[PDB]
Each structure stands twice: as structure tokens, then as C-alpha cells.
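Asks: work.txt (compact mmCIF, C-alpha atoms) pasted underneath:
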# COMPACT_ATOMS: atom_id res chain seq x y z
CA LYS A 1 106.48 137.46 108.94
CA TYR A 2 107.60 141.05 109.00
CA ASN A 3 106.69 142.91 105.81
CA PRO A 4 107.46 146.60 105.30
CA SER A 5 105.02 149.31 106.31
CA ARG A 6 103.05 150.96 103.54
CA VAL A 7 104.56 153.89 101.68
CA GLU A 8 103.09 155.22 98.45
CA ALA A 9 104.59 153.93 95.19
CA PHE A 10 107.82 152.65 96.73
CA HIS A 11 109.47 149.27 96.75
CA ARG A 12 110.15 148.25 100.35
CA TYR A 13 112.22 145.34 101.68
CA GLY A 14 111.34 143.63 104.95
CA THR A 15 113.46 141.12 106.82
CA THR A 16 112.22 138.44 109.16
CA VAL A 17 114.60 136.25 111.12
CA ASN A 18 112.84 133.39 112.76
CA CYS A 19 115.26 131.36 114.88
CA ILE A 20 114.11 127.75 114.73
CA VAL A 21 115.20 124.78 116.80
CA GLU A 22 113.82 121.49 115.59
CA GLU A 23 114.46 118.05 116.98
CA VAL A 24 114.68 115.66 114.03
CA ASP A 25 115.44 112.06 113.34
CA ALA A 26 118.76 111.66 111.60
CA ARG A 27 119.62 108.51 109.68
CA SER A 28 122.76 107.02 108.15
CA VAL A 29 123.63 103.98 106.06
CA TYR A 30 126.88 102.10 105.54
CA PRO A 31 129.65 103.16 105.40
CA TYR A 32 128.15 105.81 107.69
CA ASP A 33 130.14 108.59 106.07
CA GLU A 34 127.07 110.83 105.79
CA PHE A 35 123.64 111.07 107.33
CA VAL A 36 120.37 112.79 106.56
CA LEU A 37 117.87 114.60 108.71
CA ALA A 38 114.07 114.35 108.78
CA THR A 39 114.04 117.56 106.71
CA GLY A 40 115.69 115.70 103.82
CA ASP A 41 118.91 117.72 104.30
CA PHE A 42 122.10 115.72 103.83
CA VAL A 43 125.04 116.06 106.16
CA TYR A 44 128.22 114.88 104.45
CA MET A 45 129.98 113.77 107.59
CA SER A 46 130.14 110.61 109.57
CA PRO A 47 127.82 110.54 112.58
CA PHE A 48 130.80 109.27 114.64
CA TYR A 49 133.34 111.92 113.78
CA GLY A 50 134.86 113.29 116.98
CA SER B 1 97.19 17.97 135.31
CA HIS B 2 96.12 21.63 135.67
CA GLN B 3 95.07 24.88 134.01
CA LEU B 4 97.43 27.66 132.91
CA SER B 5 96.93 31.33 132.15
CA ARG B 6 98.12 32.34 128.70
CA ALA B 7 100.63 34.89 130.02
CA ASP B 8 102.34 32.06 131.96
CA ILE B 9 103.75 30.65 128.69
CA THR B 10 106.59 32.35 126.82
CA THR B 11 105.28 33.97 123.65
CA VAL B 12 107.28 34.22 120.43
CA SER B 13 106.36 36.78 117.81
CA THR B 14 105.20 35.38 114.46
CA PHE B 15 104.69 38.97 113.28
CA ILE B 16 106.96 41.42 111.52
CA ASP B 17 107.00 44.79 113.22
CA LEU B 18 106.46 47.67 110.83
CA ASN B 19 106.40 50.87 112.84
CA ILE B 20 104.73 53.59 110.79
CA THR B 21 104.47 56.89 112.65
CA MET B 22 102.36 59.68 111.23
CA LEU B 23 104.08 62.80 110.02
CA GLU B 24 103.12 65.16 112.79
CA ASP B 25 101.18 68.34 112.20
CA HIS B 26 103.46 71.31 111.79
CA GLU B 27 102.59 74.99 111.85
CA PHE B 28 104.43 77.46 109.65
CA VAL B 29 104.44 80.87 111.28
CA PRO B 30 104.50 84.05 109.18
CA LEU B 31 108.23 84.57 108.76
CA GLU B 32 109.81 87.28 106.70
CA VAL B 33 113.46 88.25 106.46
CA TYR B 34 112.26 91.83 106.20
CA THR B 35 108.74 93.07 106.78
CA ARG B 36 107.14 95.50 104.35
CA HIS B 37 107.75 98.37 106.74
CA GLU B 38 111.40 97.47 107.23
CA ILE B 39 112.03 97.63 103.51
CA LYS B 40 110.14 100.92 103.45
CA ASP B 41 112.30 102.26 106.30
CA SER B 42 115.53 100.98 104.70
CA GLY B 43 115.45 104.03 102.43
CA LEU B 44 117.62 106.80 103.78
CA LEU B 45 114.91 109.35 102.89
CA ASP B 46 111.19 109.00 102.27
CA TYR B 47 109.85 111.64 99.90
CA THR B 48 106.35 111.37 101.35
CA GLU B 49 107.49 111.96 104.94
CA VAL B 50 109.95 114.64 103.95
Translate the structure of the given file into C-alpha cells.
Replies:
Amino acid sequence: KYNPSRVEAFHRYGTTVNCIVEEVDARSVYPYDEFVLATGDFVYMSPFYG
Amino acid sequence: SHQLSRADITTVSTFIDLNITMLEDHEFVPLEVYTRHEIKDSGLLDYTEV
């Protein structure tokens, strides 16, 4: 994590961008109009949309 | 006149046949429509795993 260098008595903002690629299990139940990921994030779209 | 073996003479049954056959041993295998794990996995998300 990037955090700002020290300066005296100053508020400093530091940005860290960590690109992450994670292979997860995704699961869907009938009527298969949405599916979740292993991260508990919902995707409101049919797995089969194409 | 002469001797005869018993099997040489036609034999008529004075007995009433009652044919009782034992109810055979039967084994009941562990059968479940859904196992415990299945039902656990049926949830779209598991809070513990997430």
C-alpha cells in the first residue's frame, strides 16, 4: 500500500491501485437470471446472455 | 409271488401342501434425497465461505 511520504503537519493523500485478477466460482439458481461470485458479489444478469 | 421296491408303486399324496417361504433378509442402504452437504451447497451464498 502506497502511503504519502512524511511532511511536517500536513495532511497527505496517497493512492494505491492494485490490479487484481481472481478466478472465482460463480453460481446461479433458477430462473438463472442472476448469479453470484465466490466474493459474495451479485451479478444481475443471466449466465447465458450472449 | 415277488418283492417290490416302494418307488415301483404309484404314490398318491395324502398331504396338503402349504408352501411357506421365509421373508428374505433385506438390506436398507443409506439413502437420502439430498445429503447434508447438498442442502448446505444449495444456498446461493455461504456467509462463512464468503
Asks: Any idea what the distance is between CA of residue 44 in chain A and CA of residue 17 in chain A?
Replies: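 Atom-to-atom, CA of residue 44 in chain A to CA of residue 17 in chain A, that is 26.2 Å.
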Asks: At a cut-off of 12 Å, list the chain A residues touching chain B, using only C-alpha atoms, as a compact mmCIF listing (two decimals) with C-alpha atoms, in the coordinates of the input.
Replies:
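Heads up, here's the output in selection.txt:
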# COMPACT_ATOMS: atom_id res chain seq x y z
CA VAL A 24 114.68 115.66 114.03
CA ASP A 25 115.44 112.06 113.34
CA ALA A 26 118.76 111.66 111.60
CA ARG A 27 119.62 108.51 109.68
CA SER A 28 122.76 107.02 108.15
CA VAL A 29 123.63 103.98 106.06
CA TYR A 30 126.88 102.10 105.54
CA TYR A 32 128.15 105.81 107.69
CA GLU A 34 127.07 110.83 105.79
CA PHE A 35 123.64 111.07 107.33
CA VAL A 36 120.37 112.79 106.56
CA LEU A 37 117.87 114.60 108.71
CA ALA A 38 114.07 114.35 108.78
CA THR A 39 114.04 117.56 106.71
CA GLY A 40 115.69 115.70 103.82
CA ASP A 41 118.91 117.72 104.30
CA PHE A 42 122.10 115.72 103.83
Asks: At what distance in Å, to one decimal, does CA of residue 27 in chain B lie from CA of residue 39 in chain B?
Replies: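 Those two atoms sit 25.9 Å apart.
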Asks: Quote the spacing between CA of residue 19 in chain A and CA of residue 2 in chain A in Å to one decimal place.
Replies: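 Spanning CA of residue 19 in chain A to CA of residue 2 in chain A is a straight-line distance of 13.7 Å.
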Asks: Using all atoms listed in the file, which residues sit within 9 Å of residue 3 in chain A once same-chain residues fewer than 6 positions away are excluded, as a VMD selection string?
Replies: chain A and resid 12 to 16
Asks: Put the listed atoms of range 25-33 of chain B in a box along x, y and z with 8 Å added on every side and give me the centre and edge lengths in Å to one decimal, as lines of an AutoDock Vina configuration file.
Replies:
center_x = 107.3
center_y = 78.3
center_z = 109.3
size_x = 28.3
size_y = 35.9
size_z = 21.7
Asks: Because some atoms of range 8-38 of chain B are absent here, can you restore N, CA and C atoms and send them as a compact mmCIF listing (two decimals), keeping the file's coordinate frame?
Replies:
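File produced: result_1.txt:
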# COMPACT_ATOMS: atom_id res chain seq x y z
N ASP B 8 101.37 32.91 131.27
CA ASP B 8 102.34 32.06 131.96
C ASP B 8 103.29 31.37 130.99
N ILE B 9 102.94 31.33 129.69
CA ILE B 9 103.75 30.65 128.69
C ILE B 9 104.49 31.70 127.85
N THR B 10 105.78 31.46 127.64
CA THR B 10 106.59 32.35 126.82
C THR B 10 106.02 32.45 125.41
N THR B 11 105.91 33.70 124.93
CA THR B 11 105.28 33.97 123.65
C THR B 11 106.32 34.48 122.66
N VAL B 12 106.37 33.82 121.49
CA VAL B 12 107.28 34.22 120.43
C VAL B 12 106.48 34.84 119.29
N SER B 13 107.05 35.94 118.78
CA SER B 13 106.36 36.78 117.81
C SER B 13 106.44 36.13 116.43
N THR B 14 105.28 35.83 115.85
CA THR B 14 105.20 35.38 114.46
C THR B 14 105.09 36.58 113.51
N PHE B 15 105.00 37.79 114.05
CA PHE B 15 104.69 38.97 113.28
C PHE B 15 105.95 39.77 113.01
N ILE B 16 105.90 40.51 111.91
CA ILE B 16 106.96 41.42 111.52
C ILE B 16 106.50 42.80 111.92
N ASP B 17 107.32 43.46 112.75
CA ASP B 17 107.00 44.79 113.22
C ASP B 17 107.35 45.79 112.12
N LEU B 18 106.32 46.48 111.66
CA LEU B 18 106.46 47.67 110.83
C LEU B 18 105.91 48.85 111.61
N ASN B 19 106.77 49.78 111.95
CA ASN B 19 106.40 50.87 112.84
C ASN B 19 106.23 52.14 112.02
N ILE B 20 105.01 52.37 111.54
CA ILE B 20 104.73 53.59 110.79
C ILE B 20 104.19 54.65 111.73
N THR B 21 104.90 55.77 111.84
CA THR B 21 104.47 56.89 112.65
C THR B 21 104.10 58.08 111.78
N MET B 22 102.92 58.64 112.07
CA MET B 22 102.36 59.68 111.23
C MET B 22 103.22 60.93 111.25
N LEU B 23 103.32 61.57 110.10
CA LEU B 23 104.08 62.80 110.02
C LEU B 23 103.28 63.83 110.78
N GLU B 24 103.88 64.35 111.86
CA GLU B 24 103.12 65.16 112.79
C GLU B 24 102.73 66.47 112.12
N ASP B 25 101.63 67.03 112.63
CA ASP B 25 101.18 68.34 112.20
C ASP B 25 102.25 69.36 112.55
N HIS B 26 102.45 70.30 111.64
CA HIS B 26 103.46 71.31 111.79
C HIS B 26 102.83 72.63 111.36
N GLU B 27 103.14 73.69 112.12
CA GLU B 27 102.59 74.99 111.85
C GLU B 27 103.69 75.92 111.37
N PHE B 28 103.48 76.53 110.21
CA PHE B 28 104.43 77.46 109.65
C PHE B 28 103.97 78.85 110.04
N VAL B 29 104.78 79.53 110.83
CA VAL B 29 104.44 80.87 111.28
C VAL B 29 104.77 81.86 110.18
N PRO B 30 104.09 83.01 110.11
CA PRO B 30 104.50 84.05 109.18
C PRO B 30 105.89 84.54 109.53
N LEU B 31 106.81 84.27 108.61
CA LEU B 31 108.23 84.57 108.76
C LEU B 31 108.62 85.36 107.52
N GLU B 32 109.28 86.46 107.77
CA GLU B 32 109.81 87.28 106.70
C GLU B 32 111.20 87.74 107.13
N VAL B 33 112.14 87.70 106.19
CA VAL B 33 113.46 88.25 106.46
C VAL B 33 113.34 89.74 106.76
N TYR B 34 112.61 90.46 105.90
CA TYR B 34 112.26 91.83 106.20
C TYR B 34 110.76 92.01 105.98
N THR B 35 110.10 92.62 106.96
CA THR B 35 108.74 93.07 106.78
C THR B 35 108.71 94.25 105.82
N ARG B 36 107.38 94.43 105.30
CA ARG B 36 107.14 95.50 104.35
C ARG B 36 107.65 96.82 104.89
N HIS B 37 107.34 97.11 106.14
CA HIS B 37 107.75 98.37 106.74
C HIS B 37 109.26 98.50 106.79
N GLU B 38 109.94 97.44 107.19
CA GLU B 38 111.40 97.47 107.23
C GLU B 38 111.93 97.95 105.90
